[PDB]
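The structure under discussion appears below in the form of structure tokens.
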Amino acid sequence: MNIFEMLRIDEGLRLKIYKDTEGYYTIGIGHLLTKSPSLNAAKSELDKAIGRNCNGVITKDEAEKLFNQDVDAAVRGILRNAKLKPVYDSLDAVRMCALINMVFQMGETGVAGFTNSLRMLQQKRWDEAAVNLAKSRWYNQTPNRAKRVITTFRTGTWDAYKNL
Ligand SMILES: [Cl-]
Ligand SMILES: [Cl-]
């Protein structure tokens, strides 16, 4: 399993503009277009991102391109962040994926706010971090995805993504 497959499973793939769990206009594999309530703002952002007149629809190759760009940016965002980088560098390869997953979903800023969970992951107190990670709006709003990610941090295995 790898980060791309992990996120493909958590975000799904949709070739027409849709609303995410928060009601924000999104497309492809979890690519957020705008937090604005206007569908035209979204269609505007979309064409701008793809570089052609899409009218709300994209191809699978286009969705995959946005996906690569997005994974890349999440990674870089972690490397640039003083609170994130040290944690990420301390993690094994499976667990790094869990951190990338969070940043992809909630942004750098959002994840960097998980101060105590972050310190616990750094110290490798897996069970403790899992419980702390659970005391969040994230877990309460998107419990199934949060459980998969937390299970990943807790075990360092892909068990939670097996059979999906
Ligand atoms: Cl809570
Ligand atoms: Cl969920």
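Every chain in the structure tokens takes a letter, A first, then B, and so on in the order presented; its residues are numbered from 1, and the ligands are numbered from 1 following the presented order.
Around ligand 1, using only C-alpha atoms and all ligand atoms and a cut-off of 8 Å, the residues in contact are residues 134, 135, 136, 137 and 140 of chain A.
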- Item | Those in stretch 49-134 of chain A with helix (DSSP H, G or I) from DSSP, as a ChimeraX atom specification | /A:49-50,60-80,85-90,93-112,115-122,126-134
- Message: Using only C-alpha atoms and all ligand atoms, which residues of the polymer chains come no farther than 7 Å from ligand 2? I'd like the answer as a ChimeraX atom specification.
- Response: /A:142-146
- Query: Of the candidates A:17, A:44, A:120, A:52, which shows the shortest atom-to-atom distance to residue A:87, using only C-alpha atoms?
  - Reply: A:120
- Message: Calculated over only C-alpha atoms, which of the candidates A:31, A:124, A:8, A:14 has the smallest distance to residue A:106?
- Response: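 Among the listed residues, the smallest separation from residue A:106 belongs to A:31.
In terms of minimum interatomic distance to residue A:63, A:30 ranks closest within A:77, A:113, A:23, A:30, counting only C-alpha atoms.
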- From the list A:2, A:141, A:155, A:40, which residue is nearest residue A:97 when using only C-alpha atoms?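 Closest candidate: A:2.
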Need the shell around residue A:154: protein/DNA/RNA residues with any atom at most 10 Å away, counting only C-alpha atoms. Skip same-chain ones fewer than 4 positions apart. Format as an mmCIF file with N, CA and C atoms, in the first residue's frame?
data_model
loop_
_atom_site.group_PDB
_atom_site.id
_atom_site.type_symbol
_atom_site.label_atom_id
_atom_site.label_comp_id
_atom_site.auth_asym_id
_atom_site.auth_seq_id
_atom_site.Cartn_x
_atom_site.Cartn_y
_atom_site.Cartn_z
ATOM 1 N N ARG A 95 3.649 5.033 9.051
ATOM 2 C CA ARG A 95 3.108 6.141 9.850
ATOM 3 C C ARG A 95 3.266 7.511 9.189
ATOM 4 N N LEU A 121 3.276 11.400 19.290
ATOM 5 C CA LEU A 121 3.742 10.558 18.184
ATOM 6 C C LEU A 121 5.279 10.607 18.161
ATOM 7 N N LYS A 124 6.765 8.297 20.329
ATOM 8 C CA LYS A 124 6.333 6.942 19.990
ATOM 9 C C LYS A 124 5.433 6.282 21.056
ATOM 10 N N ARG A 125 4.556 7.070 21.666
ATOM 11 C CA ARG A 125 3.589 6.537 22.653
ATOM 12 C C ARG A 125 2.323 6.350 21.812
ATOM 13 N N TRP A 126 2.295 5.275 21.031
ATOM 14 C CA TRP A 126 1.211 4.993 20.095
ATOM 15 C C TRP A 126 -0.195 4.960 20.677
ATOM 16 N N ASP A 127 -0.397 4.158 21.694
ATOM 17 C CA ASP A 127 -1.725 4.099 22.253
ATOM 18 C C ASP A 127 -2.179 5.445 22.788
ATOM 19 N N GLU A 128 -1.274 6.163 23.442
ATOM 20 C CA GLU A 128 -1.621 7.445 24.013
ATOM 21 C C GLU A 128 -1.969 8.459 22.949
ATOM 22 N N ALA A 129 -1.206 8.441 21.869
ATOM 23 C CA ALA A 129 -1.492 9.376 20.795
ATOM 24 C C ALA A 129 -2.895 9.093 20.174
ATOM 25 N N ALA A 130 -3.210 7.811 20.037
ATOM 26 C CA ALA A 130 -4.481 7.409 19.436
ATOM 27 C C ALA A 130 -5.665 7.945 20.215
ATOM 28 N N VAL A 131 -5.600 7.831 21.538
ATOM 29 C CA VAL A 131 -6.679 8.314 22.393
ATOM 30 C C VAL A 131 -6.791 9.823 22.293
ATOM 31 N N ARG A 148 -9.422 4.887 10.688
ATOM 32 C CA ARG A 148 -8.465 4.253 9.820
ATOM 33 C C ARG A 148 -7.109 4.902 10.021
ATOM 34 N N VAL A 149 -7.090 6.226 10.023
ATOM 35 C CA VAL A 149 -5.831 6.944 10.191
ATOM 36 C C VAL A 149 -5.216 6.703 11.573
ATOM 37 N N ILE A 150 -6.039 6.784 12.602
ATOM 38 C CA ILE A 150 -5.560 6.559 13.958
ATOM 39 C C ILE A 150 -5.049 5.134 14.099
#
- Query: Within 12 Å of residue A:38, counting only C-alpha atoms, which residues qualify if same-chain residues fewer than 2 places away don't, as a VMD selection string?
  - Reply: chain A and resid 17 19 23 to 25 33 to 36 40 to 45
- Message: For the structure I just gave you, how does DSSP split chain A - specifically, which residues are strand (DSSP E)? Reply as a PyMOL selection string.
- Response: chain A and resi 14-19+25-28+31-34
Could you write out the selected residues, including N, CA, C and O atoms, as a compact mmCIF listing (two decimals), in the first residue's frame?
# COMPACT_ATOMS: atom_id res chain seq x y z
N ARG A 14 -14.22 11.46 -8.21
CA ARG A 14 -15.46 11.95 -8.82
C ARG A 14 -15.04 12.94 -9.90
O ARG A 14 -14.26 13.83 -9.63
N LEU A 15 -15.54 12.76 -11.13
CA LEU A 15 -15.14 13.64 -12.24
C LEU A 15 -15.99 14.89 -12.47
O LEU A 15 -15.72 15.67 -13.40
N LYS A 16 -17.01 15.08 -11.63
CA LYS A 16 -17.87 16.25 -11.70
C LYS A 16 -17.82 16.91 -10.34
O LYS A 16 -17.66 16.23 -9.31
N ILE A 17 -17.96 18.23 -10.34
CA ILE A 17 -17.91 18.99 -9.10
C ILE A 17 -18.91 18.44 -8.10
O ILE A 17 -20.06 18.15 -8.44
N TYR A 18 -18.47 18.29 -6.85
CA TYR A 18 -19.34 17.78 -5.80
C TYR A 18 -19.07 18.50 -4.51
O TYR A 18 -18.14 19.30 -4.43
N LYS A 19 -19.87 18.24 -3.49
CA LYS A 19 -19.62 18.92 -2.24
C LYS A 19 -18.98 17.92 -1.30
O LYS A 19 -19.36 16.76 -1.30
N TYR A 25 -17.20 22.87 -2.35
CA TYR A 25 -17.03 22.40 -3.72
C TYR A 25 -15.64 21.79 -3.95
O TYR A 25 -14.59 22.43 -3.72
N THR A 26 -15.69 20.54 -4.41
CA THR A 26 -14.54 19.69 -4.64
C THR A 26 -14.66 18.91 -5.95
O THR A 26 -15.72 18.77 -6.53
N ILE A 27 -13.54 18.34 -6.40
CA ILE A 27 -13.54 17.54 -7.61
C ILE A 27 -12.37 16.54 -7.60
O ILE A 27 -11.42 16.68 -6.82
N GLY A 28 -12.44 15.54 -8.46
CA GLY A 28 -11.37 14.55 -8.57
C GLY A 28 -11.21 13.75 -7.29
O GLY A 28 -12.18 13.22 -6.74
N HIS A 31 -9.84 17.07 -4.32
CA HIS A 31 -9.27 18.37 -4.58
C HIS A 31 -10.24 19.50 -4.30
O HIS A 31 -11.16 19.76 -5.10
N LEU A 32 -10.05 20.20 -3.18
CA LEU A 32 -10.89 21.32 -2.79
C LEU A 32 -10.80 22.47 -3.78
O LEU A 32 -9.72 22.90 -4.18
N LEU A 33 -11.94 22.96 -4.24
CA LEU A 33 -11.87 24.04 -5.21
C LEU A 33 -12.07 25.39 -4.55
O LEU A 33 -11.36 26.35 -4.84
N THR A 34 -13.07 25.49 -3.68
CA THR A 34 -13.36 26.76 -3.02
C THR A 34 -14.24 26.52 -1.82
O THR A 34 -14.99 25.55 -1.78
Residue contacts of residue A:108 (12 Å, only C-alpha atoms) excluding same-chain residues fewer than 6 positions away, as a PDB file with N, CA, C and O atoms, in the first residue's frame:
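Result file around.pdb:
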ATOM      1  N   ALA A  73       2.220  18.858  -2.692  1.00  0.00           N
ATOM      2  CA  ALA A  73       2.094  20.019  -1.842  1.00  0.00           C
ATOM      3  C   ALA A  73       1.910  19.660  -0.355  1.00  0.00           C
ATOM      4  O   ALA A  73       2.381  20.361   0.531  1.00  0.00           O
ATOM      5  N   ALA A  74       1.193  18.590  -0.063  1.00  0.00           N
ATOM      6  CA  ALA A  74       1.006  18.251   1.338  1.00  0.00           C
ATOM      7  C   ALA A  74       2.358  17.888   1.936  1.00  0.00           C
ATOM      8  O   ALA A  74       2.662  18.222   3.082  1.00  0.00           O
ATOM      9  N   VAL A  75       3.160  17.185   1.150  1.00  0.00           N
ATOM     10  CA  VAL A  75       4.451  16.742   1.637  1.00  0.00           C
ATOM     11  C   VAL A  75       5.356  17.920   1.918  1.00  0.00           C
ATOM     12  O   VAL A  75       5.951  18.065   3.013  1.00  0.00           O
ATOM     13  N   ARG A  76       5.420  18.791   0.931  1.00  0.00           N
ATOM     14  CA  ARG A  76       6.249  19.968   1.058  1.00  0.00           C
ATOM     15  C   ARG A  76       5.806  20.824   2.243  1.00  0.00           C
ATOM     16  O   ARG A  76       6.622  21.328   3.001  1.00  0.00           O
ATOM     17  N   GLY A  77       4.503  20.938   2.418  1.00  0.00           N
ATOM     18  CA  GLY A  77       3.924  21.707   3.484  1.00  0.00           C
ATOM     19  C   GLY A  77       4.356  21.172   4.831  1.00  0.00           C
ATOM     20  O   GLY A  77       4.477  21.927   5.796  1.00  0.00           O
ATOM     21  N   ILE A  78       4.533  19.862   4.921  1.00  0.00           N
ATOM     22  CA  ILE A  78       4.951  19.248   6.176  1.00  0.00           C
ATOM     23  C   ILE A  78       6.446  19.559   6.372  1.00  0.00           C
ATOM     24  O   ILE A  78       6.904  19.853   7.480  1.00  0.00           O
ATOM     25  N   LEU A  79       7.205  19.480   5.284  1.00  0.00           N
ATOM     26  CA  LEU A  79       8.636  19.708   5.381  1.00  0.00           C
ATOM     27  C   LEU A  79       8.968  21.128   5.748  1.00  0.00           C
ATOM     28  O   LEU A  79       9.987  21.375   6.371  1.00  0.00           O
ATOM     29  N   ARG A  80       8.102  22.059   5.357  1.00  0.00           N
ATOM     30  CA  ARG A  80       8.292  23.488   5.633  1.00  0.00           C
ATOM     31  C   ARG A  80       7.841  23.895   7.030  1.00  0.00           C
ATOM     32  O   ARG A  80       8.168  24.972   7.503  1.00  0.00           O
ATOM     33  N   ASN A  81       7.051  23.051   7.667  1.00  0.00           N
ATOM     34  CA  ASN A  81       6.482  23.370   8.965  1.00  0.00           C
ATOM     35  C   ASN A  81       7.338  22.935  10.145  1.00  0.00           C
ATOM     36  O   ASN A  81       7.613  21.760  10.350  1.00  0.00           O
ATOM     37  N   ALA A  82       7.746  23.908  10.944  1.00  0.00           N
ATOM     38  CA  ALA A  82       8.589  23.633  12.103  1.00  0.00           C
ATOM     39  C   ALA A  82       7.986  22.664  13.112  1.00  0.00           C
ATOM     40  O   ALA A  82       8.709  21.985  13.838  1.00  0.00           O
ATOM     41  N   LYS A  83       6.667  22.608  13.189  1.00  0.00           N
ATOM     42  CA  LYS A  83       6.042  21.705  14.146  1.00  0.00           C
ATOM     43  C   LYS A  83       5.852  20.331  13.532  1.00  0.00           C
ATOM     44  O   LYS A  83       5.860  19.320  14.235  1.00  0.00           O
ATOM     45  N   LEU A  84       5.661  20.303  12.219  1.00  0.00           N
ATOM     46  CA  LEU A  84       5.418  19.033  11.536  1.00  0.00           C
ATOM     47  C   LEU A  84       6.650  18.244  11.154  1.00  0.00           C
ATOM     48  O   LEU A  84       6.742  17.044  11.407  1.00  0.00           O
ATOM     49  N   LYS A  85       7.589  18.929  10.515  1.00  0.00           N
ATOM     50  CA  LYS A  85       8.783  18.261  10.067  1.00  0.00           C
ATOM     51  C   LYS A  85       9.452  17.331  11.063  1.00  0.00           C
ATOM     52  O   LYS A  85       9.740  16.203  10.755  1.00  0.00           O
ATOM     53  N   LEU A  99       0.387  10.761   8.583  1.00  0.00           N
ATOM     54  CA  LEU A  99       0.513  12.173   8.786  1.00  0.00           C
ATOM     55  C   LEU A  99       0.190  12.894   7.490  1.00  0.00           C
ATOM     56  O   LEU A  99      -0.432  13.950   7.510  1.00  0.00           O
ATOM     57  N   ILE A 100       0.611  12.320   6.374  1.00  0.00           N
ATOM     58  CA  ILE A 100       0.317  12.991   5.126  1.00  0.00           C
ATOM     59  C   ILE A 100      -1.188  13.058   4.914  1.00  0.00           C
ATOM     60  O   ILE A 100      -1.736  14.085   4.487  1.00  0.00           O
ATOM     61  N   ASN A 101      -1.861  11.965   5.255  1.00  0.00           N
ATOM     62  CA  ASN A 101      -3.308  11.854   5.122  1.00  0.00           C
ATOM     63  C   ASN A 101      -3.983  12.996   5.855  1.00  0.00           C
ATOM     64  O   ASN A 101      -4.839  13.690   5.274  1.00  0.00           O
ATOM     65  N   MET A 102      -3.619  13.217   7.117  1.00  0.00           N
ATOM     66  CA  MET A 102      -4.220  14.336   7.857  1.00  0.00           C
ATOM     67  C   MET A 102      -3.989  15.697   7.202  1.00  0.00           C
ATOM     68  O   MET A 102      -4.879  16.555   7.182  1.00  0.00           O
ATOM     69  N   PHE A 114      -2.608  20.082  16.513  1.00  0.00           N
ATOM     70  CA  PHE A 114      -2.708  18.865  17.325  1.00  0.00           C
ATOM     71  C   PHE A 114      -1.442  18.683  18.180  1.00  0.00           C
ATOM     72  O   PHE A 114      -0.862  17.604  18.259  1.00  0.00           O
TER      73      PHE A 114
END
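In this model, the gap between atom CA of residue A:115 and atom CA of residue A:153 comes to 15.4 Å.
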- Separation of atom CA of residue A:9 from atom CA of residue A:161, in Å and rounded to one decimal: 8.1 Å
- Interatomic distance, atom CA of residue A:117 to atom CA of residue A:96 (Å, one decimal):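 A separation of 14.3 Å between them.
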